[PDB]
């Protein structure tokens, strides 16, 4: 029932700054905050957010994660002059203090707690806090790397204590390692910490052996710390998405968190003078979107770093766009991760393979401005069988024009001479829905219930190609063979079937053993095969097809597959099924997805899937999770 996105912000956190010469520190400026909020305002996103106010973290709250001694020290800095503040600043690494920073640090922390409470109370679905100072470097008794108190560590400790959560996921996509967070939960299996970071074989700050992939946690916490070191600069969209598909997401969906907190540093985006990576701001729309099916969408995004004032606003906007449910922008030019990324990916997977099921099987600048992302007028159109009313969410709608009807006549009087049930109606619905999706910019996606599969599939696919749709991704659940030509490179077919068998690289056929393991195997294939191929293909439309002949998984796929084609997906359900039609519509409309919870996949399925990767990854490089064997 939760709706809306929170945006926690306050101009007071911009009212402390660096007061002496320090080339390391001078990058951390108030304008980082003012530029990010103003960019949200300009694109109309802040106005669409629930503005929860900041508060101070209390002393007892600060003590959840920091020592009394350290608090008492920081608590004296408001009374210090500049010389005393400089002298106190030098007790720590890469951090400066100011007369007002203790105030601002309590506000940065309290804002984070406000965001946790609004999400966990169901007052909003998700949200973002724009805070200074950042948090993820700060430690139990030390300020570090512009950080005073550990905002995101607070949040998970506070969520644990006050909502009795057993499993919290922290995703730290800042370009620096959040070592403060690692230490905090080093031994804690209830908080899973994932971080990627510029490492360069430990030569990049903070220069820690424990930022490497071999730090999997300690004690009961082994396997709940996941470090992915970047050992070269210039990482791209493809490296970031490879990290999610082949490390983070497989673990995240098996973990099944009850809350997601994001250390959202954007110094990992192109143009940042500190990260020196090359991922576009648009990628953050997808990093955000790929995590939203977790924890019924309960996601708290907390600003960490980001220093190119221009790159910064754009990446903040893409994140909030996705939190609000706006359609994701198309990512073009995707392919294999670079060799350094695949080495890091391969290494982290191997060492984590003793702890996680998905990996367990191999223990045996200038850039173009992002487009506009307006949500469609109505998001989802539904076409149930004739004379079936259904309770539809507020952003959905039922379906047939004269021109449209003339076209159905032309298609019958050419390709189906002898056809006369109410199929002609479904064909007119397919065409009119597609026309509103592709050309009209009015609706986003839709679902139509159909009788005859061949004529509707053929006519949906063919009509989509001439919209025009450069490329069409087809996802079909059924053991038949469809009127789909995968020979010109304009179509890629994914088939989830029961029969045993493909011989070309434009079809992925998944024959999952029937049983209780069907759900884990499906999610394994979704994250590690279907999504990487689909993202590289970069379709202009997704065509989902379900034949009337075990799909507690369909909602997740519908949700994740809307990362492609700007969310333009048309689903054909053969035969009426109230439940499946309602779940399809609900996921299509942007509703939150119910968690899967917990049963490991059959090795027959794992072996079947790895044969598919071996067969496809030379053509679709985003499938790779090992370095290529060189001849």
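Just so we're on the same page, rigid core means the largest C-alpha set that superposes within 1.5 Å between forms. Positions refer to the first chain, counted from 1.
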{"property": "Comparing 599-607 and 48-56 where Cα RMS over structures and residues is taken in 6 other deposited structures of this protein (core fit), larger one", "result": "599-607"}
{"property": "Outlying stretch relative to shown form, 69-77 versus 353-361 in 6 other deposited structures of this protein, C-alpha RMS (core)", "result": "353-361"}
{"property": "Absent coordinates for residue 198 in a third or more of other compared entries", "result": "no"}
{"property": "At least a third of the other entries leave residue 176 unmodelled", "result": "no"}
{"property": "Between neighbours residue 400 and residue 399, residues that the deposited sequence lists but the model omits", "result": "1 to 3"}
{"property": "Gap size between residue 488 and residue 487, counted in deposited residues that the entry leaves unmodelled", "result": "none"}
{"property": "602-610 versus 63-71 - which carries the larger mean C-alpha B factor in the record", "result": "602-610"}
{"property": "Of 302-310 and 422-430, the one with larger mean CA B-factor", "result": "422-430"}
{"property": "Identity of residue with top Cα B-factor, from 135, 370, 110, 275", "result": "370"}
{"property": "Residue with maximal Cα B-factor (values as given in the PDB entry) among 501, 322, 207, 222", "result": "501"}
{"property": "CA B-factor placement of residue 327, once the chain's modelled residues are sorted into thirds", "result": "middle"}
{"property": "Among modelled residues of the same chain, the CA temperature factor third for residue 217", "result": "middle"}
{"property": "Lowest, middle or highest third - CA B-factor, residue 158", "result": "middle"}
{"property": "Residue 11, C-alpha B-factor rank within chain (lowest, middle or highest third)", "result": "middle"}
{"property": "Chain third (lowest, middle, highest) by recorded CA B-factor, residue given as residue 267", "result": "lowest"}
